[PDB]
file input.pdb (PDB, C-alpha atoms)
ATOM      1  CA  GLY A   1       0.548  12.559  -6.867  1.00  0.00           C
ATOM      2  CA  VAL A   2      -1.587  10.428  -4.560  1.00  0.00           C
ATOM      3  CA  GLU A   3      -0.538   8.244  -1.630  1.00  0.00           C
ATOM      4  CA  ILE A   4      -2.246   5.699   0.620  1.00  0.00           C
ATOM      5  CA  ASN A   5      -1.421   4.871   4.232  1.00  0.00           C
ATOM      6  CA  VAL A   6      -2.595   1.437   5.321  1.00  0.00           C
ATOM      7  CA  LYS A   7      -1.599  -0.977   8.088  1.00  0.00           C
ATOM      8  CA  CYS A   8       0.050  -3.987   6.439  1.00  0.00           C
ATOM      9  CA  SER A   9       2.515  -6.755   7.283  1.00  0.00           C
ATOM     10  CA  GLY A  10       4.859  -8.235   4.696  1.00  0.00           C
ATOM     11  CA  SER A  11       5.242  -6.727   1.218  1.00  0.00           C
ATOM     12  CA  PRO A  12       3.052  -9.413  -0.465  1.00  0.00           C
ATOM     13  CA  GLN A  13       0.232  -8.426   1.909  1.00  0.00           C
ATOM     14  CA  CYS A  14       0.289  -4.699   1.040  1.00  0.00           C
ATOM     15  CA  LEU A  15      -1.494  -5.389  -2.248  1.00  0.00           C
ATOM     16  CA  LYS A  16      -4.906  -5.872  -0.609  1.00  0.00           C
ATOM     17  CA  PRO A  17      -4.743  -2.987   1.952  1.00  0.00           C
ATOM     18  CA  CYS A  18      -3.563  -0.594  -0.781  1.00  0.00           C
ATOM     19  CA  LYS A  19      -7.084  -0.744  -2.232  1.00  0.00           C
ATOM     20  CA  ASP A  20      -8.099   2.692  -0.946  1.00  0.00           C
ATOM     21  CA  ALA A  21      -7.299   5.580  -3.294  1.00  0.00           C
ATOM     22  CA  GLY A  22      -7.698   3.274  -6.287  1.00  0.00           C
ATOM     23  CA  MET A  23      -3.931   3.084  -6.756  1.00  0.00           C
ATOM     24  CA  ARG A  24      -1.745   0.033  -7.412  1.00  0.00           C
ATOM     25  CA  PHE A  25       1.331  -1.690  -5.954  1.00  0.00           C
ATOM     26  CA  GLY A  26       1.855  -2.714  -2.342  1.00  0.00           C
ATOM     27  CA  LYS A  27       5.082  -3.020  -0.361  1.00  0.00           C
ATOM     28  CA  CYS A  28       4.475  -2.269   3.321  1.00  0.00           C
ATOM     29  CA  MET A  29       6.821  -1.682   6.251  1.00  0.00           C
ATOM     30  CA  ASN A  30       6.436  -0.688   9.900  1.00  0.00           C
ATOM     31  CA  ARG A  31       2.691  -1.290   9.589  1.00  0.00           C
ATOM     32  CA  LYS A  32       2.489   1.116   6.645  1.00  0.00           C
ATOM     33  CA  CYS A  33       1.354   0.609   3.045  1.00  0.00           C
ATOM     34  CA  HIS A  34       2.403   2.584  -0.025  1.00  0.00           C
ATOM     35  CA  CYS A  35       0.577   2.939  -3.343  1.00  0.00           C
ATOM     36  CA  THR A  36       2.216   3.959  -6.623  1.00  0.00           C
ATOM     37  CA  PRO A  37      -0.081   6.204  -8.740  1.00  0.00           C
ATOM     38  CA  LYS A  38      -0.144   5.623 -12.499  1.00  0.00           C
TER      39      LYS A  38
END

call {"tool": "encode", "arguments": {"input": "input.pdb", "output": "structure tokens"}}
result
Amino acid sequence: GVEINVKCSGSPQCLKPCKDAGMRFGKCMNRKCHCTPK
């Protein structure tokens, strides 16, 4: 399982910052982004 920590605001804005480990999905909170591995 892989995870990505990125500074994001608003769920809809986590999509772009999640582009790190090559994962998908966004959803960010408290200036943190989460990526769901497939």

call {"tool": "resolve_selection", "arguments": {"input": "input.pdb", "expression": "the PyMOL selection byres ((chain A and resi 5) around 9)", "output": "PyMOL selection string"}}
result
chain A and resi 3-4+6-7+17-18+20+32-35

call {"tool": "resolve_selection", "arguments": {"input": "input.pdb", "expression": "the PyMOL selection byres ((chain A and resi 36) around 8)", "output": "VMD selection string"}}
result
chain A and resid 2 to 3 23 to 26 34 to 35 37 to 38

call {"tool": "residues_around", "arguments": {"input": "input.pdb", "residues": "residue 10 (chain A)", "least_positions_apart": "6", "cutoff": "9 Å", "atoms": "all atoms listed in the file", "output": "list in words"}}
result
residues 27, 28, 29 and 31 of chain A

call {"tool": "write_last_selection", "arguments": {"input": "input.pdb", "atoms": "C-alpha atoms", "output": "PDB file, in the frame of the given file"}}
result
ATOM      1  CA  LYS A  27       5.082  -3.020  -0.361  1.00  0.00           C
ATOM      2  CA  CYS A  28       4.475  -2.269   3.321  1.00  0.00           C
ATOM      3  CA  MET A  29       6.821  -1.682   6.251  1.00  0.00           C
ATOM      4  CA  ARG A  31       2.691  -1.290   9.589  1.00  0.00           C
TER       5      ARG A  31
END

call {"tool": "decode", "arguments": {"input": "input.pdb", "residues": "region 1-29 of chain A", "atoms": "N, CA, C and O atoms", "output": "short mmCIF file (atom, residue, chain, number, x, y, z; two decimals), in the first residue's frame"}}
result
data_model
loop_
_atom_site.label_atom_id
_atom_site.label_comp_id
_atom_site.auth_asym_id
_atom_site.auth_seq_id
_atom_site.Cartn_x
_atom_site.Cartn_y
_atom_site.Cartn_z
N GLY A 1 0.83 -1.24 0.00
CA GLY A 1 0.00 0.00 0.00
C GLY A 1 0.84 1.26 0.00
O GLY A 1 1.79 1.38 0.77
N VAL A 2 0.49 2.20 -0.87
CA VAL A 2 1.23 3.46 -0.96
C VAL A 2 0.35 4.64 -0.56
O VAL A 2 -0.87 4.62 -0.77
N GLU A 3 0.97 5.66 0.01
CA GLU A 3 0.24 6.85 0.44
C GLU A 3 1.00 8.12 0.06
O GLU A 3 2.23 8.10 -0.07
N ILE A 4 0.28 9.21 -0.12
CA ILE A 4 0.90 10.48 -0.49
C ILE A 4 0.46 11.61 0.44
O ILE A 4 -0.74 11.83 0.63
N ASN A 5 1.41 12.35 0.99
CA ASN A 5 1.07 13.48 1.84
C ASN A 5 1.36 14.77 1.09
O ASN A 5 2.50 15.06 0.74
N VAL A 6 0.30 15.53 0.84
CA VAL A 6 0.42 16.79 0.12
C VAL A 6 -0.43 17.88 0.76
O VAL A 6 -1.52 17.60 1.27
N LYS A 7 0.04 19.12 0.71
CA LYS A 7 -0.71 20.23 1.28
C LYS A 7 -1.81 20.66 0.31
O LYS A 7 -1.53 21.13 -0.79
N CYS A 8 -3.06 20.48 0.72
CA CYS A 8 -4.20 20.82 -0.12
C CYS A 8 -5.32 21.47 0.70
O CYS A 8 -5.44 21.25 1.90
N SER A 9 -6.17 22.23 0.01
CA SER A 9 -7.31 22.88 0.63
C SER A 9 -8.56 22.51 -0.16
O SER A 9 -8.58 22.64 -1.38
N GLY A 10 -9.59 22.03 0.53
CA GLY A 10 -10.80 21.63 -0.17
C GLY A 10 -10.61 20.31 -0.89
O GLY A 10 -9.61 20.12 -1.58
N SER A 11 -11.55 19.39 -0.70
CA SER A 11 -11.46 18.06 -1.32
C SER A 11 -11.21 18.14 -2.83
O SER A 11 -10.31 17.48 -3.35
N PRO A 12 -12.02 18.93 -3.56
CA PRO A 12 -11.89 19.07 -5.02
C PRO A 12 -10.50 19.51 -5.47
O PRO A 12 -10.14 19.35 -6.63
N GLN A 13 -9.72 20.09 -4.55
CA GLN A 13 -8.39 20.58 -4.88
C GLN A 13 -7.29 19.56 -4.55
O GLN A 13 -6.12 19.80 -4.84
N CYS A 14 -7.65 18.43 -3.95
CA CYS A 14 -6.66 17.41 -3.60
C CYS A 14 -6.27 16.57 -4.81
O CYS A 14 -5.25 15.89 -4.80
N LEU A 15 -7.10 16.61 -5.85
CA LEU A 15 -6.84 15.85 -7.06
C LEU A 15 -5.48 16.19 -7.68
O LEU A 15 -4.71 15.30 -8.03
N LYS A 16 -5.21 17.49 -7.84
CA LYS A 16 -3.96 17.93 -8.45
C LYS A 16 -2.73 17.63 -7.59
O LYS A 16 -1.76 17.06 -8.08
N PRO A 17 -2.74 18.01 -6.29
CA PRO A 17 -1.59 17.77 -5.41
C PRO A 17 -1.29 16.29 -5.17
O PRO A 17 -0.18 15.93 -4.80
N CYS A 18 -2.29 15.43 -5.39
CA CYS A 18 -2.10 13.99 -5.18
C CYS A 18 -1.17 13.39 -6.23
O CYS A 18 -0.69 12.26 -6.08
N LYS A 19 -0.91 14.14 -7.30
CA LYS A 19 -0.03 13.67 -8.36
C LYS A 19 1.42 13.61 -7.89
O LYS A 19 2.23 14.48 -8.22
N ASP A 20 1.74 12.59 -7.10
CA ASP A 20 3.10 12.42 -6.58
C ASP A 20 3.58 10.98 -6.75
O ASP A 20 4.53 10.72 -7.48
N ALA A 21 2.92 10.06 -6.05
CA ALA A 21 3.28 8.65 -6.12
C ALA A 21 2.60 7.95 -7.30
O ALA A 21 2.67 6.73 -7.43
N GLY A 22 1.94 8.72 -8.16
CA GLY A 22 1.26 8.15 -9.30
C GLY A 22 -0.06 7.51 -8.94
O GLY A 22 -0.61 6.72 -9.71
N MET A 23 -0.58 7.84 -7.76
CA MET A 23 -1.85 7.29 -7.30
C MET A 23 -3.02 8.15 -7.78
O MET A 23 -2.83 9.12 -8.51
N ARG A 24 -4.23 7.79 -7.37
CA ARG A 24 -5.43 8.52 -7.77
C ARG A 24 -6.25 8.95 -6.56
O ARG A 24 -5.94 8.60 -5.42
N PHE A 25 -7.32 9.71 -6.82
CA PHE A 25 -8.20 10.20 -5.76
C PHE A 25 -7.57 11.37 -5.01
O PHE A 25 -6.35 11.50 -4.97
N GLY A 26 -8.41 12.23 -4.44
CA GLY A 26 -7.91 13.38 -3.72
C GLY A 26 -8.37 13.42 -2.27
O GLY A 26 -7.87 12.66 -1.44
N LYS A 27 -9.31 14.30 -1.97
CA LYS A 27 -9.83 14.44 -0.61
C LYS A 27 -8.72 14.86 0.34
O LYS A 27 -7.90 14.04 0.76
N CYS A 28 -8.69 16.14 0.69
CA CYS A 28 -7.67 16.66 1.60
C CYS A 28 -8.32 17.35 2.81
O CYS A 28 -9.43 17.87 2.72
N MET A 29 -7.61 17.33 3.93
CA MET A 29 -8.10 17.95 5.15
C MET A 29 -6.94 18.31 6.07
O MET A 29 -5.97 17.56 6.19
#
